[PDB]
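These are the residues of each chain, in order.
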Number of protein chains: 2
Amino acid sequence: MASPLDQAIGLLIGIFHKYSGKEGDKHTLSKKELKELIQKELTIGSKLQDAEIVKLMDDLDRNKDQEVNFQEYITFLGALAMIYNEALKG
Amino acid sequence: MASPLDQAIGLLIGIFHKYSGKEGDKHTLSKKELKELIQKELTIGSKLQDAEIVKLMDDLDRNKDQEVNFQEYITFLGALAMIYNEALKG
């Protein structure tokens, strides 16, 4: 069955594809799409703590002139998650 | 605030913490916990596609006798996703 994990994975995939879809090689996307993704799909406004700020900055270096793939996109979210849910860093 | 992304991230976090919590250093967990995680939380049984099998195998070789962190767990999930959610490859 589409258990909570599979569903949540499904969400992260769907979120990816929502932008990556347009890039043709929709297994990848870049800087612009990443900034869009975070800014649009995280309706935060109040730039939480540091994590998201650092993601937005980092994005420029992380990409520079290269597309990122799915897992490297996920890493953006996982890093975000770790930095603001400080707990996860132990 | 807790937009679809944040919620879905929240799910993957929650899933991790549900077991990783018990390790105390809940940034990390290992082989046994990982197999438990996927087995329990993906209520599949009817092994959808190779991905899950390959994860279950891979886990042993990946861990050996070494813990994995949150992002590495997310890599396990992201790889599972990649392999069975065919779209992510093509």
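Residues numbered from 1 in each chain as written, not as in the entry; some residues may be left out. Chains lettered and ligands numbered in written order. Heavy atoms only, no water.

- For this deposition, the record names solution NMR as the technique by which the model was determined.

**Examining the overall build of chain A**
Phase 1 of the analysis: Assigned secondary structure in chain A consists of 4 helices and 2 strands.
Phase 2 of the analysis: Walking chain A from its N terminus toward its C terminus, one meets helices and strands in the order α-β-α-α-β-α.
Phase 3 of the analysis: Over its C-alpha trace chain A gives a radius of gyration of 13 Å, about what one expects of a compact globule, namely 12 Å for 90 residues.
Phase 4 of the analysis: Seen along its three principal axes, the alpha-carbon backbone of chain A occupies a region of about 40 × 35 × 25 Å.
Phase 5 of the analysis: A total of 90 residues make up chain A; the buried ones form 47% of that total.
Phase 6 of the analysis: A separation threshold of at least 6 residues defines the contact pool for chain A, and within that pool the share at least 24 residues apart is 57%. (Helix = DSSP H or I, 4+ residues; strand = E, 2+ residues; numbered from the N terminus. Rg over C-alpha atoms; globule rule 2.2 N^0.38 Å. Buried < 20%, exposed > 50% of the residue type's maximum accessible area, 1.4 Å probe, protein only. Contact = heavy atoms within 4.5 Å.)

**Observations concerning the UniProt feature "binding site: Ca(2+) 2" in chain A**
Residue and element names in this part refer to chain A.
Phase 1 of the analysis: Feature annotation in UniProt places "binding site: Ca(2+) 2" on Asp61, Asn63, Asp65, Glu67 and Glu72, given in this structure's numbering.
Phase 2 of the analysis: The residue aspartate 61 is located in helix α3 (residues 51–63) in this model.
Phase 3 of the analysis: Along the polypeptide, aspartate 65 turns up in the loop between α3 and β2 (68–69).
Phase 4 of the analysis: Judged by relative accessible area, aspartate 65 falls into the exposed class, the value being 70%. (UniProt positions renumbered as here; feature names shortened; annotations may be inferred.)

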